[PDB]
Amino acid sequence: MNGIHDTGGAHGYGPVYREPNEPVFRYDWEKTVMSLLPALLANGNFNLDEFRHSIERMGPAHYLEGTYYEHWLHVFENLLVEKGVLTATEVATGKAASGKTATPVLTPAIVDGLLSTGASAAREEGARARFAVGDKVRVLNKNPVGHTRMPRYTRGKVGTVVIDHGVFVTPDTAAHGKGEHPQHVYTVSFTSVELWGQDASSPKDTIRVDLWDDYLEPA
């Protein structure tokens, strides 16, 4: 999706302001919002790819104006409705339709073990690797309206495979109920000049991006 979230290369966002001695949570409500994510993921109410793409689809101004955890809050209020877990009325009213009709998967006894384990997106088998480290590859010019992890700034550009990380779930399909279609992910190295042109570049600098096998073609 060519949305406001795909920020790489954009101008106009200004200085990187940073707060001295920033706390982990700046407001109490952020604690609630943050802790909801693992709780709802544990239920299997949505997956992480769906979560990302729900944020991508929030209004552009809303995305820019909202602080980080407001993005998450948006997903909970909207993706849970799209998935049929909550109704729009429930969300608006804050009142459930009919009592405790579910049981929390994330309980106190399993919090530590679950957070310490996580859930790898690595998979045993998937499409064979077409590329080897040292290969020159070009990122395909694709412009899907749905979820993708090829940033706009890389499309059509030529780089060098520098790592083959192995097989992973494909987000493009996993975010849209089309299965995992596991395939290789490579780190691809681009020169500054290749990405940004002669004027806006520095001779030494490189940008590495992690890209899926079928995002690429031989250069």
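The numbering used is simple: start at 1 and walk along the sequence shown.
If you average the C-alpha B-factors over 64-72 and over 177-185, the higher value belongs to 177-185. Across the two stretches, 20-28 and 205-213, the PDB entry reports the greater mean Cα temperature factor for 20-28. You'll see in the entry that, of 139, 102, 111, 79, the Cα B factor peaks at 102. Ranked by C-alpha B-factor against the other modelled residues of its chain, residue 93 falls in the highest third. Annotation for residue 149: C-alpha temperature factor in the lowest third relative to the rest of the modelled chain, per the entry. Per-chain ranking of the deposited C-alpha B factor places residue 1 in the middle third. Per the PDB record, residue ranking by Cα B-factor puts residue 44 in the middle third of the chain. In the deposited entry, the Cα temperature factor of residue 156 places it in the lowest third of its chain's modelled residues.
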